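Let me begin by presenting the structure, written as structure tokens, before commenting on it.
Chain lettering (A, B, C, D, E, F and G) follows the sequence in which the chains are written, and residue indices restart at 1 in each chain.
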Amino acid sequence: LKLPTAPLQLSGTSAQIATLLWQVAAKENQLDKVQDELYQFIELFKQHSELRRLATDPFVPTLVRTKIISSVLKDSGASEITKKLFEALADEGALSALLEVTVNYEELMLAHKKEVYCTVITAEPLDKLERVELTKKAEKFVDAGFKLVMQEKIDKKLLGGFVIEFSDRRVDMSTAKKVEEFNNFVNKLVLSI
Amino acid sequence: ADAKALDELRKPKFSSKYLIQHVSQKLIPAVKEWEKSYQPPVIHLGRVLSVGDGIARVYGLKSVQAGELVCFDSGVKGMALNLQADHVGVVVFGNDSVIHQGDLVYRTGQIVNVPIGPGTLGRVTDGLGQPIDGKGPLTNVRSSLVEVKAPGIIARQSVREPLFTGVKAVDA
Amino acid sequence: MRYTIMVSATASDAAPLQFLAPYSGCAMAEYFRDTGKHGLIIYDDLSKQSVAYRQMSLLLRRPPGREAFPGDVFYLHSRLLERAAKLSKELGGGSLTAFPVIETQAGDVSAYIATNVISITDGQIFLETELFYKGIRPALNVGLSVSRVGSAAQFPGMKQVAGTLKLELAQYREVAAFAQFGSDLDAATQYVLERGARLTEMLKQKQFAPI
Amino acid sequence: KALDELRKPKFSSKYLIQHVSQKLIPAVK
Amino acid sequence: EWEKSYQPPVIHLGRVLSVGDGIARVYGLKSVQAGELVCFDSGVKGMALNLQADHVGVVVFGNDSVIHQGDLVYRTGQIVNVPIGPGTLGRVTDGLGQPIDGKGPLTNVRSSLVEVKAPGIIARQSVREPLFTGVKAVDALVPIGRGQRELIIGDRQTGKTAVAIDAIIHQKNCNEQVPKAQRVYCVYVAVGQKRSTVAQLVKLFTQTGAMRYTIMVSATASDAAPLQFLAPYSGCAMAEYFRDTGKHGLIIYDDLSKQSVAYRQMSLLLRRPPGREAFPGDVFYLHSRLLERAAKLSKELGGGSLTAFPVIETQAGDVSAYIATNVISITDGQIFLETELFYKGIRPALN
Amino acid sequence: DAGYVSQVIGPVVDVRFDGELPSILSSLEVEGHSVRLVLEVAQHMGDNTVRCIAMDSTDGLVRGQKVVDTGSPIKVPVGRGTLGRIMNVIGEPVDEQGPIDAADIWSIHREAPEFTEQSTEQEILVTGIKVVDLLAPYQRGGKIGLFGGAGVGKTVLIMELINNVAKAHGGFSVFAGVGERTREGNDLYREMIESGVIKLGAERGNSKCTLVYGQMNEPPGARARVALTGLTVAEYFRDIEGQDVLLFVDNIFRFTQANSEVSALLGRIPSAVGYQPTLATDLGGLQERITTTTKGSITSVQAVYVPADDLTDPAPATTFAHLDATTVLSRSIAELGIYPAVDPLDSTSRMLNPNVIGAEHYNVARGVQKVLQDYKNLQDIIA
Amino acid sequence: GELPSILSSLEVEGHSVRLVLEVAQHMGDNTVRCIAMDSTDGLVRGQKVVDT
């Protein structure tokens, strides 16, 4: 009667599908099994046209929607957690709800691994010492014993330094911001003096 | 949960394909066992999702404009007043009882035109050009834009002509 | 009927055939303006055309406003009554003169359709149900009815004598409600009552009698 | 290209999560 | 010593989904507070009023044509505050706390939170000593005590600003011959007036000499919606400074109906549920916490006072309109200033 | 780079974009239309979509048609050659004399002039109407309002005020037609060519007026921004040239109505009685741009149609705070046959004070107010 | 199978009264919109509905 606890809460009626999906698959310990199975359906929704007609056509009746999905979903290695899921979305026309339920299941899976994104922008590419001096200030800016990925990036307008685009937080140690804030502390003291 | 995560979802990261080889083999016999339950994919035509009381909501119709006369499959004429994201709200000229969920909607392309001219002097039509006076169709007439904007400032002059009404309560 | 076209949207027809019928009604009469002639147009029951506009939008999931009429209903009656005009010399010199008909809701001049169409149109003719039973037929209100262009818009011989007609009617509407005392003093408070009452008994006529 | 119509959720039945939950727990062994 | 104190901020983020009409709906901000003052990228501030499940609604203190979709908002971690203190005297600030006079910054000031609770029961002492406002029709007929609420209701073009400013000039005509403690300081808060009318009002407080005592908070009609919403709270937060220092203060809100037009304009833009005359339901609460902030503190907690003079502009004398129904209910009385008897020579037309 | 129209609902159309969405209050263009169509963005939908307002009629927009970005607000051509020209909202000639002989296009959407550059010196603007110059004396460089019903005589005061003050000034003026009839638009074009304010030929550069016309036929995109198009060319002649320019705007109420006709259509709940929720920043942003600064002078003349002589509607009840001198027209005084039908009680200006004009002007106008208030309080009992 | 034309009747089965329906709007989902001409107390969401 107990479900495995969701690592972070979400919004409703389109993303808590993924919260419920994570609460089912982690009970079956099928976590990285079914997550890239959602990816294949997106490639099925990308390349093939007959399946992606079924996710947006408003004229197909409510029995051809389920009798193609359960016809396509034989065993084939596919999980019955996944097979009972994709039956349910074509049961109530929710086959358009796939591209949202994945990216929050992506978020919830990266919430199960303690594994946060970032994107660091410099003016200079990072060598094998410059990148390993970066993380020791970056891991002051995560809250706990988390992981860290790297998405190194080049832009000329920053004059050295970095900006850690956590997508939730940002730390500006770039000098182009520093010379801007140096100029604002010039003007706030030359006008007052 | 943003659009860059959606564009990252456009990059495939599946790491295995142990379904796609077989679901591409059972796709085509599935759609051709249930082939009779498929209406054809309709792009430059239209087909009715919802219909009622003079406002009929029509899927598709990538080619229409605002204010294009459309023709339903029973001969009923229509008008596209607003065009939503996935559907086009179509206003229905006349009684609407003949339109079902799944009937065809034909674009006529033009802006709505009612016949003008001096051959109409003596005829009683409705607002659509069809005669109700029982004297047959309109002869020596032509169509014109009913959605035309007014004549501009440079086009007008000062009024002079009094327009007698024949009524002393008015003209004095 | 030789010189009359009539577009006739009934109440048993759908809404947009009534919504388009003044629009198609001015599409005929722009031809008479374009080719130099003069055109008469009467947009009869123009409030009921606006109710024919209100039916379509409120089924069309569009936001309502004053009296559940939509937002742009001023723009409906605007371009319905701006395409009637008097062109310059350079396009034949044709004309169009406009008669919209707005029924008040038993005396709401601040009714939502009324405040639009009283501000668009140039002159108005009030017909109360009060004046229709005092013998005044047609029951024009004189003190409330204005025009724009004034002179060179009447008969010019009538135009000189109209100032003798309007201003004596102006004092008479002020003294008609002062009949609660029995005054008739100094041969003026009786004579302007004696004049304007015969002016009312002058200015009645018969239905369907073009003189 | 072929995923612009899939970019957002769209459905009827605002209580959809309760519908799918009875169709996800059956395959729970 | 500024370079030696530069620790970079960790400051948390939020990205904007939809932004329009001075209302920006932001995504993210896992810890923003209710009514927290945020800052955008392009130097314009903002407050988040409502906080929903997925997106957070943020109202904008300024022009809104600078923010695209996908811009960033930084949380300042502080509920919106205004610089209070004596250095504001003579200055003409905007309602957020910045000066618009052209006299540089506001020095000898301190920032304090504009949103606190009113004084309770035991803070109060019964108002006994009187405030004197110069207009003899106010002072003798419908009198006003030091630490009291009195509504200058009226029509427009009828003198509601005149009953306000002639009280202010009377204080300058009274403060020069009264000792240091019981000197009544003016904060006439201009809501919804023109940017040129305040120019006449900054002139009359200088030419008479009252600008030694007046702080002119003028959120115009030309700035955005929440500045006209926040100008009475910040102006009463300026009146908070003169309360707990123990002095006596005069706070005047002018045309508080426009502040109701301010709280209407953001509420229907934020899709809060509308109530009577399409105002939000809680607009009576946002009028009361304003007007219950000015009072007389007792002889154990400071001894100072605070008397508030709100102004409601009616339409033709309807004292039962919904906005006037609220303010008459929370305030004590009414100085009804009718337009029709104003031309009957009784100046002010005090019915 | 560029995007497509994705959705059409009457006079508001929706444009989607593939990255780098346009800034708010910028200009958009559709190709393959009958006339050049300008879309002015008012809010972002959220899914890479701006929501617009249409300067001309949308009847003809296909779903998916090519929409380019000008990346910038609406640009009208300002200049000295613009005198003697009948101008649109989007910079067009609609008097059919070539292009506009001017340069240095300017953004017609800006911020208001600040609090520091405000003028407090007041000069009595003597007009020539005996009820104006005695009772409600106008201010040079100040604001002139005109209320009154539809059929009381507002617009015939305005052209009378042009003949009073806009001829005997010598400099420049601007007639900003916001949603009035073409009849009072076309007639004013003839009675300024004959009065010589607007000239034709090779003397186009010595004229005194530009006409910015957003009359009733246009959809409410054009009727909502012709107020700003007429405003910014007046604010161009103020700051660059220094001359005093008279802004004759007609039907400010039609500016606020043109906003309110689509304000519900952009996804906003209606305000009080059915007018727009954002009327305060719409009109208050309009009015305080019309001021007089240290650099020059703008003397605004505002006509407002009020519906059925009721001043309780909030669309003119925001305007009463925004007008120094107000000439309130009563239909009753016109029903008495008195022209001008200017109220002795409702129409009151800000110059009326003995501390500015002199006691000889203030006492008789107050003496007018005593004898006319008691005449109203006695003409009830005279019956 | 196929949704009937507008303003056509329906005949429900299994009710205590011979209850008739009249279709007026085709509300999508292969589902129509009706107004019941008699008492609606006792309709279960599976009852067979036939048309004339």
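The criterion applied here is as follows: contacts are C-beta pairs under 8 Å (C-beta built on N, C-alpha and C of every residue); 3 or more make two chains touch, one makes a residue touch a chain.
*Asks:* Relative to the centroid of every protein C-alpha atom displayed, which chain's own C-alpha centroid is closest?
*Replies:* Closest to the centre of all protein C-alpha atoms: chain F.
*Asks:* Any idea whether A-E or B-C has more C-beta pairs in contact?
*Replies:* B-C
*Asks:* Tell me which chain's centre, taken as the mean of its C-alpha atoms, is farthest from chain E.
*Replies:* It is G whose centre lies farthest from that of chain E.
*Asks:* Indicate the whole-number Å distance between the mean C-alpha point of chain E and the mean C-alpha point of chain F.
*Replies:* 31
*Asks:* Indicate the whole-number Å distance between the mean C-alpha point of chain B and the mean C-alpha point of chain F.
*Replies:* Centre separation, chain B to chain F: 37 Å.
*Asks:* Centroid from C-alpha atoms only, then distance chain A to chain B, rounded to Å. What do you get?
*Replies:* Result: the chain centres lie 42 Å from each other.
*Asks:* Using Cα averages as centroids, what's the distance between chain F and chain G in whole Å?
*Replies:* Those two chain centres are 58 Å apart.
*Asks:* Touching two or more other chains, which residues of chain A qualify?
*Replies:* Only 12, 42, 46, 58, 61, 99-100 qualify.
*Asks:* Out of chain B, which residues touch more than one other chain, so two or more?
*Replies:* Expected reply: 3, 6, 9-10, 49, 52-53, 81-82, 96, 102, 147, 149-151, 154, 156-159.
*Asks:* Counting only residues that touch at least 2 other chains, which ones in chain F make the list?
*Replies:* 9-10, 47-48, 182-183, 215, 217, 270
*Asks:* For chain E, which residues are in contact with chain F within the complex?
*Replies:* Chain E residues touching chain F: 17-22, 25, 63-70, 92, 100-102, 156-157, 192-196, 198-200, 203, 218, 220-222, 224-225, 228, 255, 258, 261-262, 264-265, 268-269, 271, 274, 277-279, 313, 315-316, 318, 339-341, 343-345.
*Asks:* Going by the contact rule at the top, pick out the chain B residues touching chain A in the complex.
*Replies:* 1, 5-6, 9-10, 12-20, 22-24, 26-28, 30-31, 33-34, 37-39, 41, 47, 49, 59, 86, 102
*Asks:* What residues of chain C sit close enough to touch chain F in their complex?
*Replies:* 62-67, 70-72, 74-75, 78-79, 82-83, 85, 109-110, 112, 114-115, 118-120, 122, 124, 143-144, 146, 148, 167, 170, 174, 177-178, 180
*Asks:* For a test of understanding, state which residues of chain G touch chain A in their complex under the given definition.
*Replies:* So the residues of chain G touching chain A come out as 28-30.
*Asks:* Can you tell me which positions in chain A touch chain G when the two form their complex?
*Replies:* Interface residues on chain A, with respect to chain G: 58, 61-62.
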